[PDB]
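Asks: Supplied structure: work-v8.txt, compact mmCIF, C-alpha atoms and all ligand atoms.
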```txt
# COMPACT_ATOMS: atom_id res chain seq x y z
CA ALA D 1 22.01 8.83 -21.81
CA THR D 2 18.24 8.45 -22.27
CA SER D 3 15.69 8.70 -19.44
CA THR D 4 14.91 5.19 -18.14
CA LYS D 5 12.19 4.37 -15.58
CA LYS D 6 10.34 1.23 -14.44
CA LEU D 7 6.89 -0.02 -15.49
CA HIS D 8 4.49 2.65 -16.79
CA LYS D 9 3.79 5.48 -14.32
CA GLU D 10 0.67 7.58 -14.99
CA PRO D 11 -0.59 10.72 -13.19
CA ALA D 12 -3.85 10.74 -11.20
CA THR D 13 -6.04 13.10 -9.13
CA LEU D 14 -6.71 13.09 -5.37
CA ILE D 15 -10.51 12.87 -5.11
CA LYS D 16 -11.02 11.53 -1.57
CA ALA D 17 -8.84 9.04 0.35
CA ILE D 18 -10.91 6.49 2.29
CA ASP D 19 -8.56 4.29 4.34
CA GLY D 20 -4.75 4.00 4.59
CA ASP D 21 -4.53 1.40 1.80
CA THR D 22 -7.50 2.73 -0.21
CA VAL D 23 -7.98 6.11 -1.93
CA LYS D 24 -10.27 7.32 -4.73
CA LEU D 25 -8.32 9.13 -7.48
CA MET D 26 -9.14 10.34 -11.01
CA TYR D 27 -7.66 8.58 -14.06
CA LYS D 28 -8.11 9.91 -17.61
CA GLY D 29 -11.50 11.22 -16.44
CA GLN D 30 -12.35 8.08 -14.44
CA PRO D 31 -12.80 8.28 -10.64
CA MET D 32 -12.00 4.79 -9.30
CA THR D 33 -10.91 3.33 -5.94
CA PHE D 34 -7.28 2.13 -5.79
CA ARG D 35 -6.02 -0.20 -3.03
CA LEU D 36 -2.35 -0.50 -2.02
CA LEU D 37 -1.03 -3.85 -3.30
CA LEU D 38 0.84 -6.34 -1.08
CA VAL D 39 -0.41 -4.58 2.08
CA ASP D 40 -3.23 -5.06 4.60
CA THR D 41 -3.97 -2.53 7.37
CA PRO D 42 -5.39 -3.83 10.68
CA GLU D 43 -7.89 -0.95 10.87
CA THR D 44 -9.54 -1.88 7.56
CA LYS D 45 -12.30 -4.31 8.58
CA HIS D 46 -13.93 -5.17 5.24
CA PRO D 47 -13.77 -8.97 5.61
CA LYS D 48 -14.54 -11.03 8.74
CA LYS D 49 -10.86 -10.51 9.64
CA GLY D 50 -11.53 -7.33 11.65
CA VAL D 51 -8.90 -5.33 13.57
CA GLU D 52 -6.63 -7.65 15.59
CA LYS D 53 -5.88 -5.13 18.37
CA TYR D 54 -3.77 -2.32 16.89
CA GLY D 55 -6.41 -0.34 14.94
CA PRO D 56 -4.22 2.74 14.38
CA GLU D 57 -5.00 5.85 12.29
CA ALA D 58 -3.76 4.63 8.88
CA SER D 59 -6.52 6.59 7.10
CA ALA D 60 -4.98 9.74 8.60
CA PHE D 61 -1.53 8.64 7.39
CA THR D 62 -2.57 8.52 3.72
CA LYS D 63 -4.80 11.53 4.48
CA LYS D 64 -2.08 14.16 4.98
CA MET D 65 0.21 12.04 2.77
CA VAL D 66 -1.60 12.40 -0.58
CA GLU D 67 -3.05 15.73 0.63
CA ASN D 68 0.48 17.18 0.72
CA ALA D 69 1.70 15.00 -2.17
CA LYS D 70 2.59 17.58 -4.85
CA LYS D 71 2.07 14.79 -7.40
CA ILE D 72 0.05 11.56 -7.05
CA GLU D 73 0.98 8.77 -9.48
CA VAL D 74 -0.15 5.15 -9.95
CA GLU D 75 1.78 2.16 -11.33
CA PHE D 76 -0.24 -0.86 -12.52
CA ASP D 77 1.66 -4.16 -12.24
CA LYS D 78 1.94 -6.80 -14.99
CA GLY D 79 -0.70 -9.07 -13.39
CA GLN D 80 -4.41 -8.19 -13.60
CA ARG D 81 -5.47 -4.51 -13.56
CA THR D 82 -8.34 -4.81 -11.06
CA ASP D 83 -9.63 -7.27 -8.43
CA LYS D 84 -12.90 -9.25 -8.33
CA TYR D 85 -14.49 -6.04 -6.99
CA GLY D 86 -13.25 -3.92 -9.93
CA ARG D 87 -10.85 -2.02 -7.63
CA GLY D 88 -7.75 -0.68 -9.40
CA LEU D 89 -4.51 -2.27 -8.15
CA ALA D 90 -1.30 -0.23 -8.54
CA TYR D 91 1.58 1.01 -6.35
CA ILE D 92 0.84 4.69 -5.59
CA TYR D 93 3.69 7.22 -5.26
CA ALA D 94 4.00 10.84 -4.09
CA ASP D 95 6.91 13.27 -4.54
CA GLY D 96 8.94 10.17 -5.48
CA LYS D 97 7.94 8.12 -2.41
CA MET D 98 6.25 4.69 -2.44
CA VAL D 99 3.09 5.08 -0.34
CA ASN D 100 3.03 1.28 0.12
CA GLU D 101 6.55 1.25 1.62
CA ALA D 102 5.58 4.41 3.55
CA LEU D 103 2.92 2.79 5.75
CA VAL D 104 4.98 -0.41 6.02
CA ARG D 105 7.97 1.79 6.92
CA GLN D 106 6.06 3.30 9.87
CA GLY D 107 4.94 -0.17 11.03
CA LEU D 108 1.24 0.47 10.31
CA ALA D 109 0.26 -1.92 7.49
CA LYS D 110 1.35 -5.58 7.37
CA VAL D 111 2.60 -7.06 4.07
CA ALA D 112 0.19 -9.64 2.60
CA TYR D 113 -2.04 -10.46 -0.39
CA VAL D 114 0.56 -12.03 -2.71
CA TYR D 115 -0.78 -13.47 -5.98
CA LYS D 116 1.79 -13.59 -8.79
CA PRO D 117 2.47 -12.18 -11.11
CA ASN D 118 1.23 -9.21 -9.04
CA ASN D 119 4.21 -8.73 -6.71
CA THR D 120 6.94 -7.03 -8.78
CA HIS D 121 7.87 -5.12 -5.60
CA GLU D 122 7.76 -8.10 -3.21
CA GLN D 123 11.43 -7.88 -2.16
CA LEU D 124 11.41 -4.08 -1.78
CA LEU D 125 8.25 -4.09 0.36
CA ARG D 126 9.44 -7.07 2.44
CA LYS D 127 12.64 -5.09 3.06
CA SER D 128 10.83 -2.08 4.56
CA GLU D 129 8.83 -4.62 6.60
CA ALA D 130 12.03 -6.01 8.15
CA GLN D 131 13.14 -2.50 9.14
CA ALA D 132 9.75 -1.73 10.73
CA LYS D 133 10.02 -5.03 12.64
CA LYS D 134 13.46 -4.32 14.15
CA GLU D 135 12.37 -0.74 14.96
CA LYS D 136 9.27 -2.14 16.69
CA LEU D 137 7.01 0.71 15.53
CA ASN D 138 3.34 0.32 16.54
CA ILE D 139 2.14 -3.20 15.53
CA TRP D 140 5.77 -4.24 16.09
CA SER D 141 5.55 -3.40 19.81
CA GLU D 142 6.11 -7.04 20.82
CA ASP D 143 8.80 -8.04 23.35
CA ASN D 144 11.50 -9.43 21.02
CA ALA D 145 13.99 -10.51 23.71
CA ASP D 146 14.85 -14.20 23.23
CA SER D 147 14.10 -14.13 19.48
CA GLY D 148 13.90 -17.39 17.50
CA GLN D 149 13.05 -18.47 13.93
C1 LIG D 201 -4.92 -7.49 -3.23
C2 LIG D 201 -5.59 -8.82 -3.53
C3 LIG D 201 -6.81 -9.08 -3.03
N1 LIG D 201 -7.45 -10.27 -3.28
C4 LIG D 201 -8.79 -10.54 -2.74
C5 LIG D 201 -8.74 -11.20 -1.36
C6 LIG D 201 -9.84 -10.40 -0.66
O1 LIG D 201 -11.12 -11.02 -0.84
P1 LIG D 201 -12.39 -10.54 0.02
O2 LIG D 201 -12.98 -9.36 -0.67
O3 LIG D 201 -13.35 -11.66 0.07
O4 LIG D 201 -11.91 -10.18 1.37
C7 LIG D 201 -9.92 -9.04 -1.34
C8 LIG D 201 -9.07 -8.06 -0.53
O5 LIG D 201 -8.91 -6.84 -1.26
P2 LIG D 201 -8.77 -5.43 -0.49
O6 LIG D 201 -7.45 -5.42 0.18
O7 LIG D 201 -8.86 -4.35 -1.50
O8 LIG D 201 -9.88 -5.34 0.49
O9 LIG D 201 -9.39 -9.24 -2.65
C9 LIG D 201 -6.87 -11.25 -4.06
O10 LIG D 201 -7.43 -12.32 -4.29
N2 LIG D 201 -5.61 -10.96 -4.56
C10 LIG D 201 -4.90 -9.79 -4.35
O11 LIG D 201 -3.78 -9.64 -4.85
```
If you convert what's in this file into structure tokens, what do you get?
Replies:
Amino acid sequence: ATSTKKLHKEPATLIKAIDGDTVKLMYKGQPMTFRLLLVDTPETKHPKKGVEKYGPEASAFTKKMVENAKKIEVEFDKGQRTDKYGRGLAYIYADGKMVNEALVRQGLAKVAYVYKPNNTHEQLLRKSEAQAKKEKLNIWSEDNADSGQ
């Protein structure tokens, strides 16, 4: 009967996307850098981690993604609101699509960074990760023949 949604979704502005899991948007007159939660692209080499060996074009993915997104929204979780760097953490959406599950759906970003209570969508993201693993898309280009837990 009444409209019912999940968490609090707020509108934002597309200022300039940097990487696939990082984009600068505007919020209530506040340009900040948001980073996809529960995801870690191999191209992003901020830490000593570096790119394993699949450095794809994630930045381009979110590039045309939010660029064509008729509406860019952000959903802060119930955990903290920013990281130790002040970055804003929130699941971004576009046209009703979860950008986080988008990259993980194309087998580009690997699920990771799990620190409760910031993982409300841990089962939904892990699900898209299982589909990208069976489809073997990009990073999932291994030779799953014998298989084994
Ligand atoms: C997303 C996330 C990041 N972090 C820390 C680990 C990483 O530390 P370092 O900065 O030392 O690498 C950094 C990764 O964030 P980004 O994915 O935005 O780069 O933030 C957490 O502790 N919890 C989280 O939920």
Asks: Rounded to one decimal place, report the atom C2 of ligand LIG 201 (chain D)-CA of residue 116 in chain D distance in Å.
Replies: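 Value for the atom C2 of ligand LIG 201 (chain D)-CA of residue 116 in chain D distance: 10.2 Å.
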Asks: Expressed in Å to a single decimal, how great is the separation between CA of residue 59 in chain D and CA of residue 126 in chain D?
Replies: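 Computed distance, CA of residue 59 in chain D to CA of residue 126 in chain D, equals 21.5 Å.
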Asks: If you count all atoms listed in the file, which residues fall within 9 Å of residue 53 in chain D, apart from same-chain ones fewer than 3 positions away, as a ChimeraX atom specification?
Replies: /D:42-43,56,139
Asks: Could you give me the residues within 7 Å of ligand LIG 201 (chain D), counting only C-alpha atoms and all ligand atoms, as a list in words?
Replies: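 Those within range of ligand LIG 201 (chain D) are residues 35, 37, 38, 40, 46, 47, 83, 84, 87, 113, 114, 115 and 118 of chain D.
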Asks: Taking into account all atoms listed in the file, which residue in the set D:95, D:76, D:138, D:148 is nearest to residue 117 in chain D?
Replies: D:76
Asks: Quote the spacing between CA of residue 48 in chain D and CA of residue 149 in chain D in Å to one decimal place.
Replies: 29.0 Å
Asks: Which polymer residues have any atom within 10 Å of an atom of range 62-68 of chain D, counting only C-alpha atoms, with same-chain residues fewer than 3 positions away left out, as a compact mmCIF listing (two decimals) with C-alpha atoms, in the frame of the given file?
Replies:
```txt
# COMPACT_ATOMS: atom_id res chain seq x y z
CA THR D 13 -6.04 13.10 -9.13
CA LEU D 14 -6.71 13.09 -5.37
CA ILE D 15 -10.51 12.87 -5.11
CA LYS D 16 -11.02 11.53 -1.57
CA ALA D 17 -8.84 9.04 0.35
CA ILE D 18 -10.91 6.49 2.29
CA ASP D 19 -8.56 4.29 4.34
CA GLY D 20 -4.75 4.00 4.59
CA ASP D 21 -4.53 1.40 1.80
CA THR D 22 -7.50 2.73 -0.21
CA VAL D 23 -7.98 6.11 -1.93
CA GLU D 57 -5.00 5.85 12.29
CA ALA D 58 -3.76 4.63 8.88
CA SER D 59 -6.52 6.59 7.10
CA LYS D 71 2.07 14.79 -7.40
CA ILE D 72 0.05 11.56 -7.05
CA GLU D 73 0.98 8.77 -9.48
CA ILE D 92 0.84 4.69 -5.59
CA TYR D 93 3.69 7.22 -5.26
CA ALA D 94 4.00 10.84 -4.09
CA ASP D 95 6.91 13.27 -4.54
CA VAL D 99 3.09 5.08 -0.34
CA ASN D 100 3.03 1.28 0.12
CA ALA D 102 5.58 4.41 3.55
CA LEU D 103 2.92 2.79 5.75
```
Asks: Could you list, as a list in words, every residue within 12 Å of residue 30 in chain D, counting all atoms listed in the file and ignoring same-chain residues fewer than 2 positions away?
Replies: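 So, after excluding close chain neighbours, the residues are residues 12, 13, 14, 15, 24, 25, 26, 27, 28, 32, 33, 34 and 88 of chain D.
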Asks: Measuring between only C-alpha atoms, which one of D:89, D:145, D:112, D:1 shows the shortest distance to residue 125 in chain D?
Replies: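 Smallest separation from residue 125 in chain D among the options: D:112.
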Asks: When you count all atoms listed in the file, which of these residues is closest to residue 110 in chain D: D:31, D:129, D:144, D:55?
Replies: D:129
Asks: Using all atoms of range 82-95 of chain D that appear in the file, construct an axis-aligned enclosing box with 4 Å of padding on every side and provide its centre coordinates and edge lengths in Å, rounded to one decimal, as AutoDock Vina command-line options.
Replies:
```
--center_x -3.8 --center_y 2.0 --center_z -7.6 --size_x 29.4 --size_y 30.5 --size_z 15.0
```
